[PDB]
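Please read the structure below before turning to the comments.
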Amino acid sequence: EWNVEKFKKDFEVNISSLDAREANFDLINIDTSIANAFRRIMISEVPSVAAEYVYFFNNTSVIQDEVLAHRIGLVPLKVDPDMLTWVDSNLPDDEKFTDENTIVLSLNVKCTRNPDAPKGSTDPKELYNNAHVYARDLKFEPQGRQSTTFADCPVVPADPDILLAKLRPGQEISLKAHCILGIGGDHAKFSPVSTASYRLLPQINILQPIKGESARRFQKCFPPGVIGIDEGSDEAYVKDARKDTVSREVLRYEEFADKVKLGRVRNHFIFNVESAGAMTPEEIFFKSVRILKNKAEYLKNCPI
Amino acid sequence: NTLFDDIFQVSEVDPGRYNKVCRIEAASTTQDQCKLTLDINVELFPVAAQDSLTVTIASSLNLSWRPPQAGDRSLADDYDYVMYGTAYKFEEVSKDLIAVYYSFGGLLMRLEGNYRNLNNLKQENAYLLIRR
Amino acid sequence: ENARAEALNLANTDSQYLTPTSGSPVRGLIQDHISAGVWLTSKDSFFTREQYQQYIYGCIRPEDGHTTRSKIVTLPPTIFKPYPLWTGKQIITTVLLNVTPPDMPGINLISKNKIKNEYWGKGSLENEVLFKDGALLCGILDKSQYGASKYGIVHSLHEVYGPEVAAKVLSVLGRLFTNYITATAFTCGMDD
Amino acid sequence: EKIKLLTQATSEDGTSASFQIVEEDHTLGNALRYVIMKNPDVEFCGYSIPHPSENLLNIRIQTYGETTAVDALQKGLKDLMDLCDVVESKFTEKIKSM
Amino acid sequence: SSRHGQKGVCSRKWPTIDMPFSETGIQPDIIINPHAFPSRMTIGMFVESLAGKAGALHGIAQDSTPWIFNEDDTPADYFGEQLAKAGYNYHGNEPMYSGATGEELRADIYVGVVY
Amino acid sequence: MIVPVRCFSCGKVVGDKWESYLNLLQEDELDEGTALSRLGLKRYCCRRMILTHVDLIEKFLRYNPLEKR
Amino acid sequence: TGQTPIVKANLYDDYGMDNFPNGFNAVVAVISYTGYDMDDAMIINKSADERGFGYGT
Amino acid sequence: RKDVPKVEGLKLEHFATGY
Ligand SMILES: [Zn+2]
């Protein structure tokens, strides 16, 4: 029998590491049916903020308007998604946006040749002014009430060194970008994770003793610390299994044909989450779990 | 109730090009002319050559299908490996010999022996139970 | 309405199973489904209760009318102990049992297939297909059974249950071998 | 609206039904199917996606005859919710520990 | 198309979560059916995917002018040694998992980068 | 034409690393692999996006309609 | 957005083809997984398509 | 015939997640 308590007794989590961008952890004694649900929800269901509507006023660069708006949308924005609400696509496009669901970005820039460029100089930054348009150039225009709600933390790109465009003197770019909430299911730009995925814990069943110098080459057919040499007798054993990338170099030699079987632990998922920059991977996982729970709760409360 | 029972001495376990299933050639230790071929998945009931198996073919297990629930008894509790299939052929090898072919969801058993003690096996859904 | 009824009954695709040129069949699954079938219907294929029920429902879906019983019916597992283990030929059998109408027996076919016995080991009989009251007992389902082969299973299902049932069989077999190829994918590489 | 019971598959005894859920996919389907199969009372559970290009999910529940399929679905939903709650709580514990 | 006459129309734009994912977290941008090869017999695409994966790993480029490899210095052996010395599989296979259900696929998938 | 904002396969933002890759290549005598490793690109899906970028926009820019030549 | 090939002939550079890139490097899986690519069709990752993979005007 | 020259300075560029 399976019960809530019979799962809660055996389920355990090991947070191997955690930065503000990447968190590598474990889910043990859970089924792939749920680990994959978590992975899918993280990749394509956690809301985020990216530029959606772009209002070009003047553009003369080599980059055409569609490509420029595409890049501006693709730029991740360090905004906490909870700070703003969702947009009603049924409403007219005049009143479809407000100050609590849309963040406004602007990019007004004109290139001009620098008169102080030394003779023989070929560096574009020396020759021209604003020859490069960076994501940091996207100013934030707080509107209405959001001027004091976002005062605690201004809106900036996650990576302000993204090369949005290049200019030459005379050429200018002027636009406004509207950033709304969205999920990676609609467009890949809204996905908060660079990539979230798991991998079954490798399992290395050593069938027979591998004493001798055969252990030296046996360990040599693995990542550096996967296998250790026993201190007392010259036997081989598995130090760490997470360290193994499953490359099967062992099976490539006729020596270990009947000395080891490589398998996996189907209840042991080594999750790996990297954030785009708007949120932290622990919060990404928390959001995914809350999303699955609230989806099931919505189905419960749905009259039939 | 049972329909056949014997003790077999496995001669060869042949893997072929498979992972889980293997081919067992077992000779009976009770009859001079009874032998056996059977396909079992050795991931669940691993078998080596020169072993001993208690093979029993039963018409049923009671003493449609449904996973066991707390408080159930059945004939299978006396045996480690029990397959369910059906018979599809009855070949007479010669006079006073007969071969009966069983197929357990594609797993094939060819049980051969004298007609005198195989005369209880007929074209029905019959269980097969094995014990060490 | 006249041309509607023409295209539904006279020119419809269900009626074009065999070419008038020589009477050989002209419809069948092609490549990915063929290799998926060879994998699903081998002796090494075993499926737990969840895998078996999921495959069967995914390829049948009684809400559209593939089933002829208003309720999906399954088979006892091939292996009872240590834990239940249905096989792939039982997947084939359950699919046939759910598409083939009741109040009628199953196909008794004895055919062959392209893959010989020497390619499965010793003493193998996997080249000999065998049906018996609608249950696959031997042999792998090959190009000889769905495809441009006479006297295979879809052809015989045609000959016995009409053209519409063979239409449903090809459709459901396509769904089964598709949902199975995503679960356990098929590849090829330099090691082959 | 969101959840739909296909009247072409519901029976008089109610022990076998089919549900059409919009805006769902493998993500909810597979987890719900596993959890519902954890109920010993149900005899058949599976999920069917009619077409990958439409947001439709089909769930089939046939019970053994003590509970209706609708309440089997309700139990599966509640069990999935509790599973998510315990996963979240253990994750928060390991976050505080760290 | 690839640079080996392997044309084919884009059938469907598969969602990323539904795409199979590997142990390294990457999801291919192109899925090519394995049945394209047995009849066309473009083994060059296989060896190119091998070499492209190895080059993208090591941060190098490999020449592919014909007739540099011969019956002894096999390109498979060459680029396989290069692939093994970066931790990956000598045959270019990668353990991948199904993104639809979640379970691992039956065999190692053959992946690489091709132009 | 110009460096892509994100990696195609995973989505790791590689649009802010082209200038740094060029600097590590020019100033230091780094190999491309060493420079990409020191840039934070581990998956070869992300490595290829900077290893193989061509940057045709610089060639495009030499044809400026709005400046006398 | 074109790219230079990782694997290329020596004469690719001699004729200066890098001035006119023709294709993109892509991660290609030789896999029967979809069912939507059997005869000659191929499957394109949707996320890659939303990220500018194989875009043109 | 001179065999295709093996590249040098080749090291493990791939490591399992979290390492
Ligand atoms: Zn990448």
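For the structure tokens, the naming scheme is as follows: chains receive sequential letters (A, B, ...) according to their order of presentation, residues are indexed from 1 within each chain, and ligands are indexed from 1 in presentation order.
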Do you know which residues are at most 6 Å from region 20-34 of chain G counting only C-alpha atoms, after dropping those on the same chain fewer than 6 positions away, and could you put them as a PyMOL selection string? (chain C and resi 181-182+185-187) or (chain E and resi 28-34+110-115) or (chain G and resi 2-3)
Residues within 7 Å of ligand 1, counting only C-alpha atoms and all ligand atoms: report them as a ChimeraX atom specification. /E:26 /F:7-12,43,45-46
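Taking only C-alpha atoms into account, chain F lies nearest to E:27 out of the set E:64, E:22, E:27, E:1.
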What's around residue 77 (chain B) at 10 Å? Count only C-alpha atoms, leave out sequence neighbours fewer than 4 positions away in its own chain, and write the answer as number ranges by chain. B: 61, 73, 81-82, 129; C: 81
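The closest residue to chain H, picked from F:67, F:50, F:33, F:56 and counting only C-alpha atoms, is F:33.
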Exercise: residue 81 (chain D) partners within 9 Å, only C-alpha atoms, chain neighbours under 3 positions left out, as a list in words: residues 292, 293, 294, 295, 296 and 297 of chain A; 76, 77, 78, 84, 85 and 86 of chain D
Proximal residues of chain E relative to chain D (only C-alpha atoms; 9 Å) as a list in words: residues 18, 100 and 101 of chain E
Generate the output file for the selected residues, N, CA and C atoms, as a PDB file, in the first residue's frame.
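Below is the file part.pdb, written as the result:
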```pdb
ATOM      1  N   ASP E  18       8.432  18.816 -23.796  1.00  0.00           N
ATOM      2  CA  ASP E  18       8.130  17.535 -24.412  1.00  0.00           C
ATOM      3  C   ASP E  18       9.324  16.931 -25.127  1.00  0.00           C
ATOM      4  N   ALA E 100       8.271  13.570 -21.923  1.00  0.00           N
ATOM      5  CA  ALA E 100       6.824  13.434 -21.859  1.00  0.00           C
ATOM      6  C   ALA E 100       6.380  12.744 -20.578  1.00  0.00           C
ATOM      7  N   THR E 101       6.930  11.566 -20.302  1.00  0.00           N
ATOM      8  CA  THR E 101       6.646  10.862 -19.059  1.00  0.00           C
ATOM      9  C   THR E 101       7.671  11.222 -17.989  1.00  0.00           C
TER      10      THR E 101
END
```
Specify as a PyMOL selection string all residues of chain H found within 8 Å of chain A, counting only C-alpha atoms. chain H and resi 15-19
Determine, counting only C-alpha atoms, which protein, DNA and RNA residues have an atom within 7 Å of an atom of residue 2 (chain B); residues of the same chain fewer than 2 positions away are not included. Present the result as an MDAnalysis selection string. chainID B and resid 4 57:59
Export of the given selection (N, CA, C and O atoms) as a tab-separated table (two decimals), in the first residue's frame:
```tsv
chain	number	residue	atom	x	y	z
B	4	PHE	N	-0.28	-31.52	-12.89
B	4	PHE	CA	1.02	-32.11	-13.17
B	4	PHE	C	1.98	-31.66	-12.08
B	4	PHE	O	1.84	-30.56	-11.54
B	57	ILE	N	2.05	-27.64	-12.70
B	57	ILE	CA	1.02	-27.05	-13.56
B	57	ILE	C	-0.32	-27.24	-12.87
B	57	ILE	O	-0.70	-28.37	-12.54
B	58	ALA	N	-1.04	-26.15	-12.65
B	58	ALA	CA	-2.29	-26.19	-11.92
B	58	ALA	C	-3.41	-25.60	-12.76
B	58	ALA	O	-3.19	-24.66	-13.53
B	59	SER	N	-4.61	-26.15	-12.60
B	59	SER	CA	-5.78	-25.60	-13.26
B	59	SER	C	-6.23	-24.30	-12.62
B	59	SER	O	-6.96	-23.53	-13.26
```
Could you tell me how far CA of residue 191 (chain C) lies from CA of residue 75 (chain E), in Å and to one decimal?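 Between CA of residue 191 (chain C) and CA of residue 75 (chain E) the gap is 12.8 Å.
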Find the spatial neighbours of region 9-23 of chain B, counting only C-alpha atoms, within a cut-off of 6 Å - ignore same-chain residues fewer than 3 positions away - and output them as a ChimeraX atom specification. /B:26-28,38-43,49-52 /C:44,120-121
Hey, which of B:72, B:96, B:25, B:112 ends up closest to chain C? Count only C-alpha atoms. B:25
Near chain G, which residues of chain C fall within 10 Å when you count only C-alpha atoms, and what do they look like as a count of residues only? 21
